[PDB]
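Novice: Let me begin by handing over the structure; questions about it come next.
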Amino acid sequence: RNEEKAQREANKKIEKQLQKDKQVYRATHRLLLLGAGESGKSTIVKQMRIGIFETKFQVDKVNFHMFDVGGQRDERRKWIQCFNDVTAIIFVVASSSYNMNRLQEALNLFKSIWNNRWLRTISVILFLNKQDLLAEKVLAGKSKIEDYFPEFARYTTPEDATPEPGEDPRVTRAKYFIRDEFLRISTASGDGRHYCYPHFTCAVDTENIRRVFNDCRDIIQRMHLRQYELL
Amino acid sequence: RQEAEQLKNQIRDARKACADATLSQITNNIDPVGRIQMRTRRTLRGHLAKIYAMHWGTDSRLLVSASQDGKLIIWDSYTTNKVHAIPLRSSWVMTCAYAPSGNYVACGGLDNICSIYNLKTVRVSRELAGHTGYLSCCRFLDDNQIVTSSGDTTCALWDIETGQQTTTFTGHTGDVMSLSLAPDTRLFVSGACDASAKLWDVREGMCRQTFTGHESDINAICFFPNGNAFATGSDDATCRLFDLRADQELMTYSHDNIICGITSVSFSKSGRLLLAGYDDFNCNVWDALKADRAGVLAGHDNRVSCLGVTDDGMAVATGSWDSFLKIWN
Amino acid sequence: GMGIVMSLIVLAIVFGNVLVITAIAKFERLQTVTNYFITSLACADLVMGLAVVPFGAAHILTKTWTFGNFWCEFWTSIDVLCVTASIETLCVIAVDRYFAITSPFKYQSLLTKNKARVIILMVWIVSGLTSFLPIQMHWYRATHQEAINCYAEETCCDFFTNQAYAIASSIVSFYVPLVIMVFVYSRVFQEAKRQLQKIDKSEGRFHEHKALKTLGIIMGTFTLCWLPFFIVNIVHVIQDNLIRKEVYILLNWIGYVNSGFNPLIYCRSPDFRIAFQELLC
Amino acid sequence: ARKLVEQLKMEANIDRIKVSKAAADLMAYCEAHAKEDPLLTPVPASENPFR
Ligand SMILES: Nc1nc2c(ncn2[C@@H]2O[C@H](COP(=O)(O)OP(=O)(O)OP(=O)(O)O)[C@@H](O)[C@H]2O)c(=O)[nH]1
Ligand SMILES: CN[C@@H]1CCc2c(ccc(O)c2O)[C@H]1O
């Protein structure tokens, strides 16, 4: 008869501890770091710092937890079903490797990620790394994007572009062509449930930890707006 | 080195020579089991996130479960109250096991480590490392040795006391997703992502037979109570029953109105009923000897990922992504 | 005649609220913090449609109150209680949506299943405090001769009140929970427009009416149903011989119909559709 | 590829039985143990610990 009382006491203690654990579980936001080789992923994670890997960083009293997977590396991805409850996916792609094709492989990987059945409601934050190697290759470079990407010939600069001051039109055309080549895949089958947030980054950049914060806030706000039939 | 095609043709012809008659022809005058209706008896709550695995105890009373919030909870089915709750170092776990002696619990996950816990001492007792890919399943062969399957297309037979691999099994091409042990624990089967299942010898460490029925990834595998047959479930919405002695399949279980994947497979005590979990938010009950549906187990609000039947065959438990466990009877 | 219309109104009020309550109770996927306020609102509407509408209809048709004075006072108390508890819940729902949208990173901490019960109980206490307390006590009674004459008799049950109560109850019930709702929904509309502008700027080349339609429906039904009555309520007390009794009762009954529209507005999500299809279908 | 050829050779020399005998054995086992599975045959509620 006392066994039931002891079991009930243990149950009460366990539920009491679970009550405390639930608060911290709901407080934190989880991110997944996913990028191809030579992207510059290690530099990006190192600058945010200042078979698995975990990183803690807090911005304005909000707990963000980011995961990097390196132990399981294969063309086939079966573990990706485990990440259908994350807030966002961080995609890192090397913008200057359009001839070393690596850019086409990254585009194929992005297309495969976007159309997965378990990632229907997950947004993607896109980082287009290596903004200075690309500028060096474009300005007075032997190689040209025309041969590797024939679609570049009939591409015109959008009238809504906001170039950084002092940069040439050619690098702007190249950058916007590369960005729109991803936006085209993003917009095809979005259905309004998830979007893509493209960015331009480099080695000397100090606002990425704030960019992730802003993008996650926008993601949550848009989700809440859509749930109530207002967007 | 092109002679392998001749060997495969010879094996196929030898298998086709033994096909005297189908299983349906043999089992045609047996009266059907009829409609089987089960209702939920217990519901267990306390997991903050989705559930990936469970494993019944050998006493048909206690059971263990794992969730993505990084926690293992040992339940008490009779009185639906918790007994233990073990926090985990890494929150991504894909499997769990319960020792036959009831003294240990194992768990593995996306980190390439299998951890065991001493229940009657709850602290970590050993950590097994050496796999280069994520773990998919693990089963206690004894109180001192455990067999595990990983995502680097290998299986190993570990030694808990020393922590070093004793035997390594190779031969699959794709990821290994599940395994099951024979009742006498002499041979075990496994199902890979190359749509093939193999039979392994524990003591010798070599592959005895190979089965090539399915056309997609095999997610679940189970073993017949007799020990001379086994069943597998794949993504093409079909379950197939193979046979060790005959060396080919005997029957397929599929319906034209279902197109979802299969996540779990289990048998009953007599082996007459085959229970399989699907992605359609529910579970199906089959007739092993006639290939006819005999019931539906509905009530889960998310996909079913776990399934198990007690040693005495008194009840069946299902776990789902809704973070709830249900007991059916 | 009118009996068929009144019976249809009673049936429509009862059926939807009972269905919503049972749907929330039976399925565990609907047990959300937001669905507790809807449960309280449905309880208030069901109580009103099952308690005050039938007896008011009988009093209108018979043209004579056939119950004692105590039952007349009890009926008036229940009427005021339900009316003032069915609007503060709408205010609470609006504030919850405000917090969910404008503060996305702190919504989980701000609202908890423990705090929702406290808010609901406080709402119901403040609601019932203004209804039973000054009506069971005779503080709301009027002074002119018609009021005293009707109070003396045991066959007439009419609403006679002084200026102070007619202003205070109206301010508590309607005017305070209106400015809050207006401000909240204006801010929500601004946030929706701001997000839509960002989407258009970012990806408009490849590719504010839904928000306008939804907010228009939500605000318009409530304002149209309950606004005229809570103006004529002050009016007929400020100056006499201005509002006839028939118009007063007509506008009051127009207000009652708002209880039949809440399930059609707050329970239109696909999850509620699936729940309604699973049972009784 | 020598290992693959050796493995195919090993798995081709085995003793196989006709599937009629296998089906008969399965049916015999299922019929023999048919009375001792509570799921298939509903036992009385007195012996059910989940009631
Ligand atoms: N100039 C320039 N160099 C960069 C940038 N991002 C990364 N790199 C350099 O690229 C080199 C290789 O990248 P790492 O970050 O070291 O690693 P990785 O080879 O990209 O592979 P990961 O470890 O997956 O990133 C490093 O030495 C970086 O300094 C950039 O934006 N501009
Ligand atoms: C008899 N009908 C009553 C009369 C006055 C009144 C109502 C509702 C809310 C109030 O705050 C009131 O003062 C009406 O329902």
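Chain lettering (A, B, ...) mirrors the order of the structure tokens, residue numbering begins at 1 for each chain separately, and ligand numbering begins at 1 in order of display.
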Given only C-alpha atoms and all ligand atoms, how would the per-residue table for chain C near ligand 2 read, listing every residue at most 6 Å away with its closest atom pair and distance in Å to one decimal, sorted by chain and number, as a Markdown table?
Specialist:
| residue | atom | partner | partner_atom_place_in_ligand_line | distance |
| --- | --- | --- | --- | --- |
| C:76 | CA | ligand 2 | 1 (C) | 5.8 |
| C:79 | CA | ligand 2 | 15 (O) | 5.4 |
| C:80 | CA | ligand 2 | 8 (C) | 4.6 |
| C:83 | CA | ligand 2 | 8 (C) | 5.4 |
| C:84 | CA | ligand 2 | 9 (C) | 5.8 |
| C:159 | CA | ligand 2 | 1 (C) | 5.7 |
| C:166 | CA | ligand 2 | 13 (O) | 5.5 |
| C:169 | CA | ligand 2 | 11 (O) | 4.1 |
| C:170 | CA | ligand 2 | 11 (O) | 4.4 |
| C:173 | CA | ligand 2 | 11 (O) | 5.3 |
Novice: Please find the residues of chain B near chain C - the criterion being any atom within 12 Å, counting only C-alpha atoms - and write them as a JSON list (two decimals) with C-alpha atoms, in the first residue's frame.
Specialist:
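To be explicit, this is the file written out as result32.json:
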[["chain", "number", "residue", "atom", "x", "y", "z"],
["B", 45, "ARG", "CA", 1.84, 12.34, -21.44],
["B", 299, "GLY", "CA", -6.31, 8.09, -32.72],
["B", 300, "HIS", "CA", -2.89, 9.65, -33.26],
["B", 301, "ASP", "CA", -2.72, 13.24, -34.50],
["B", 302, "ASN", "CA", 0.76, 12.86, -36.06],
["B", 322, "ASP", "CA", 2.18, 14.03, -31.23],
["B", 323, "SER", "CA", 4.38, 13.41, -28.14],
["B", 324, "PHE", "CA", 1.87, 10.88, -26.78]]
Novice: Give the residue list for ligand 1 at 6 Å, counting only C-alpha atoms and all ligand atoms, as an MDAnalysis selection string, sorted by chain and then by residue number.
Specialist: chainID A and resid 37:43 129:133 202:203
Novice: Which residue is closest to residue 27 in chain B? Choose from D:24, D:29, D:41, D:51 and count only C-alpha atoms.
Specialist: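 Closest residue, counting only C-alpha atoms: D:24.
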Novice: Dump as a tab-separated table the rows for residues of chain A within 12 Å of chain B: closest atom pair and distance in Å with one decimal, only C-alpha atoms counted, ordered by chain and rising residue number.
Specialist:
residue	atom	partner	partner_atom	distance
A:3	CA	B:79	CA	11.4
A:4	CA	B:79	CA	8.9
A:5	CA	B:81	CA	11.4
A:6	CA	B:83	CA	10.2
A:7	CA	B:83	CA	7.2
A:8	CA	B:81	CA	7.3
A:9	CA	B:83	CA	10.1
A:10	CA	B:83	CA	6.8
A:11	CA	B:82	CA	5.4
A:12	CA	B:82	CA	9.0
A:13	CA	B:82	CA	9.8
A:14	CA	B:85	CA	7.2
A:15	CA	B:46	CA	7.9
A:16	CA	B:46	CA	11.2
A:17	CA	B:85	CA	9.6
A:18	CA	B:46	CA	7.8
A:19	CA	B:46	CA	9.7
A:20	CA	B:48	CA	11.8
A:21	CA	B:48	CA	9.1
A:22	CA	B:48	CA	7.0
A:23	CA	B:48	CA	10.5
A:24	CA	B:69	CA	11.0
A:25	CA	B:69	CA	7.8
A:26	CA	B:48	CA	9.3
A:28	CA	B:69	CA	11.9
A:30	CA	B:91	CA	11.7
A:51	CA	B:111	CA	5.2
A:52	CA	B:111	CA	5.9
A:53	CA	B:111	CA	9.3
A:54	CA	B:90	CA	9.4
A:65	CA	B:91	CA	11.9
A:67	CA	B:92	CA	10.8
A:68	CA	B:110	CA	11.4
A:69	CA	B:110	CA	8.9
A:70	CA	B:133	CA	9.9
A:71	CA	B:133	CA	6.3
A:72	CA	B:133	CA	5.4
A:73	CA	B:133	CA	8.5
A:74	CA	B:152	CA	9.7
A:75	CA	B:174	CA	11.2
A:76	CA	B:174	CA	9.1
A:77	CA	B:175	CA	9.9
A:78	CA	B:175	CA	8.6
A:79	CA	B:110	CA	8.0
A:80	CA	B:110	CA	10.7
A:81	CA	B:94	CA	11.1
A:82	CA	B:92	CA	8.0
A:83	CA	B:92	CA	9.7
A:84	CA	B:50	CA	10.7
A:85	CA	B:49	CA	9.5
A:86	CA	B:68	CA	11.7
A:118	CA	B:303	CA	11.7
Novice: Can you tell me, as JSON, numbers by chain, which residues in chain D count as alpha helix (DSSP H) by DSSP?
Specialist: {"D": [2, 3, 4, 5, 6, 7, 8, 9, 10, 19, 20, 21, 22, 23, 24, 25, 26, 27, 28, 29, 30, 31, 32]}
Novice: Using the selection just defined, write its residues with C-alpha atoms as a compact mmCIF listing (two decimals), in the first residue's frame.
Specialist:
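Ended up saving to again-v8.txt:
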# COMPACT_ATOMS: atom_id res chain seq x y z
CA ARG D 2 37.21 -11.07 -55.58
CA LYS D 3 35.43 -10.71 -52.23
CA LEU D 4 32.10 -10.14 -53.99
CA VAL D 5 32.57 -13.22 -56.19
CA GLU D 6 33.53 -15.30 -53.15
CA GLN D 7 30.44 -14.10 -51.27
CA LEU D 8 28.15 -14.92 -54.20
CA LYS D 9 29.74 -18.37 -54.38
CA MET D 10 29.19 -18.91 -50.65
CA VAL D 19 7.82 -23.61 -50.36
CA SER D 20 4.85 -25.94 -49.85
CA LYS D 21 6.60 -27.44 -46.82
CA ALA D 22 7.43 -23.95 -45.52
CA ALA D 23 3.81 -22.84 -45.84
CA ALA D 24 2.65 -26.04 -44.12
CA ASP D 25 5.06 -25.45 -41.23
CA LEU D 26 3.91 -21.84 -40.82
CA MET D 27 0.25 -22.87 -40.83
CA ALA D 28 0.92 -25.65 -38.32
CA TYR D 29 2.69 -23.27 -35.93
CA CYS D 30 -0.03 -20.61 -36.21
CA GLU D 31 -2.78 -23.17 -35.60
CA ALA D 32 -0.92 -24.78 -32.69
Novice: Could you please select, counting only C-alpha atoms, the residues of chain B within 7 Å of chain D and state them as a ChimeraX atom specification?
Specialist: /B:4,7,11,18-21,23,26,41,78,208-209,245-246,269-272,313-314,329
Novice: Residues of chain C within 9 Å of chain A, counting only C-alpha atoms - could you list those as a PyMOL selection string?
Specialist: chain C and resi 97+100-106+108-109+188-189+191-193+195-196+201-203+206-215+269
Novice: Quick one: distance from CA of residue 81 in chain C to CA of residue 110 in chain C in Å, one decimal?
Specialist: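 Computed distance, CA of residue 81 in chain C to CA of residue 110 in chain C, equals 28.6 Å.
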Novice: For the strand (DSSP E or B) assignment from backbone DSSP, which residues of range 49-127 of chain B qualify? Please present them as a PyMOL selection string.
Specialist: chain B and resi 51-56+62-67+71-76+84-87+93-98+104-109+113-118+123-127
Novice: Applying 10 Å and only C-alpha atoms, which residues near residue 47 in chain C remain after dropping the ones on its own chain fewer than 4 positions away? List them as a VMD selection string.
Specialist: chain C and resid 13 to 14 17 41 to 43 51 to 53 78 to 79 82
Novice: For the residues in the current selection, export N, CA and C atoms as a tab-separated table (two decimals), in the first residue's frame.
Specialist:
chain	number	residue	atom	x	y	z
C	13	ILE	N	-28.85	30.02	-31.53
C	13	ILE	CA	-27.91	30.41	-30.49
C	13	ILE	C	-27.41	29.18	-29.73
C	14	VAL	N	-28.31	28.25	-29.40
C	14	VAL	CA	-27.92	27.10	-28.59
C	14	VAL	C	-27.02	26.15	-29.38
C	17	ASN	N	-23.12	27.14	-30.12
C	17	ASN	CA	-22.32	27.19	-28.91
C	17	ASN	C	-22.10	25.80	-28.32
C	41	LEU	N	-16.29	32.60	-23.88
C	41	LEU	CA	-17.26	33.34	-24.68
C	41	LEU	C	-18.44	32.46	-25.07
C	42	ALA	N	-18.16	31.22	-25.47
C	42	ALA	CA	-19.23	30.29	-25.82
C	42	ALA	C	-20.11	29.98	-24.61
C	43	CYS	N	-19.50	29.83	-23.43
C	43	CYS	CA	-20.30	29.60	-22.23
C	43	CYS	C	-21.23	30.78	-21.95
C	51	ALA	N	-31.14	31.16	-21.11
C	51	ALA	CA	-31.78	31.70	-19.91
C	51	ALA	C	-32.61	32.94	-20.17
C	52	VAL	N	-32.09	33.94	-20.88
C	52	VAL	CA	-32.76	35.24	-20.90
C	52	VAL	C	-33.65	35.40	-22.12
C	53	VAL	N	-33.25	34.81	-23.25
C	53	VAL	CA	-34.05	34.93	-24.47
C	53	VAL	C	-35.42	34.26	-24.35
C	78	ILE	N	-29.28	38.24	-14.47
C	78	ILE	CA	-28.64	37.31	-15.40
C	78	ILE	C	-28.43	37.97	-16.75
C	79	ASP	N	-29.41	38.74	-17.21
C	79	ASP	CA	-29.29	39.43	-18.49
C	79	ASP	C	-28.08	40.36	-18.51
C	82	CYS	N	-24.65	38.35	-18.33
C	82	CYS	CA	-24.23	37.71	-19.58
C	82	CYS	C	-23.81	38.74	-20.62
Novice: Fewer than 6 positions away in the same chain doesn't count, so skip those; otherwise give me all residues within 9 Å of residue 229 in chain C, counting only C-alpha atoms, as a PDB file with N, CA and C atoms, in the first residue's frame.
Specialist:
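Okay, part-v4.pdb is ready:
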ATOM      1  N   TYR C 248     -36.627  50.863 -27.756  1.00  0.00           N
ATOM      2  CA  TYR C 248     -35.642  50.385 -26.793  1.00  0.00           C
ATOM      3  C   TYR C 248     -35.567  48.864 -26.809  1.00  0.00           C
ATOM      4  N   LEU C 251     -34.013  47.533 -30.199  1.00  0.00           N
ATOM      5  CA  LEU C 251     -32.557  47.621 -30.269  1.00  0.00           C
ATOM      6  C   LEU C 251     -31.901  46.643 -29.303  1.00  0.00           C
ATOM      7  N   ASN C 252     -32.484  46.472 -28.114  1.00  0.00           N
ATOM      8  CA  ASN C 252     -31.953  45.500 -27.167  1.00  0.00           C
ATOM      9  C   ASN C 252     -31.978  44.094 -27.750  1.00  0.00           C
ATOM     10  N   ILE C 254     -31.984  43.385 -30.943  1.00  0.00           N
ATOM     11  CA  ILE C 254     -30.986  43.372 -32.009  1.00  0.00           C
ATOM     12  C   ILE C 254     -29.613  43.049 -31.434  1.00  0.00           C
ATOM     13  N   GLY C 255     -29.317  43.573 -30.244  1.00  0.00           N
ATOM     14  CA  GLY C 255     -28.049  43.258 -29.608  1.00  0.00           C
ATOM     15  C   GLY C 255     -27.890  41.792 -29.254  1.00  0.00           C
TER      16      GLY C 255
END
Novice: Which residues are close to residue 170 in chain B, i.e. within 10 Å by only C-alpha atoms, leaving aside same-chain residues fewer than 3 positions away? Reply as a compact mmCIF listing (two decimals) with N, CA and C atoms, in the first residue's frame.
Specialist:
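Below you can see out-v8.txt, which holds the result:
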# COMPACT_ATOMS: atom_id res chain seq x y z
N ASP B 152 26.75 4.37 -41.40
CA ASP B 152 27.90 4.21 -42.27
C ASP B 152 27.95 2.82 -42.90
N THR B 153 26.78 2.21 -43.10
CA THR B 153 26.63 0.92 -43.77
C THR B 153 27.39 -0.20 -43.06
N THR B 154 27.44 -0.16 -41.73
CA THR B 154 28.10 -1.20 -40.96
C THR B 154 27.29 -1.53 -39.72
N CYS B 155 27.53 -2.72 -39.19
CA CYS B 155 27.02 -3.14 -37.89
C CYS B 155 28.17 -3.71 -37.08
N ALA B 156 28.06 -3.62 -35.76
CA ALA B 156 29.14 -4.06 -34.88
C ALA B 156 28.57 -4.82 -33.70
N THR B 173 25.25 -1.54 -49.01
CA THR B 173 25.63 -0.38 -49.81
C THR B 173 25.06 0.92 -49.25
N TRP B 200 22.76 -12.40 -40.85
CA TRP B 200 24.11 -12.40 -40.32
C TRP B 200 24.28 -13.49 -39.27
N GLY B 205 30.44 -14.14 -37.91
CA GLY B 205 30.62 -12.80 -38.44
C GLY B 205 30.56 -12.68 -39.94
N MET B 206 29.73 -13.49 -40.61
CA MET B 206 29.63 -13.47 -42.06
C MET B 206 28.16 -13.51 -42.46
N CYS B 207 27.90 -13.07 -43.69
CA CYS B 207 26.55 -13.01 -44.23
C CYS B 207 26.19 -14.37 -44.82
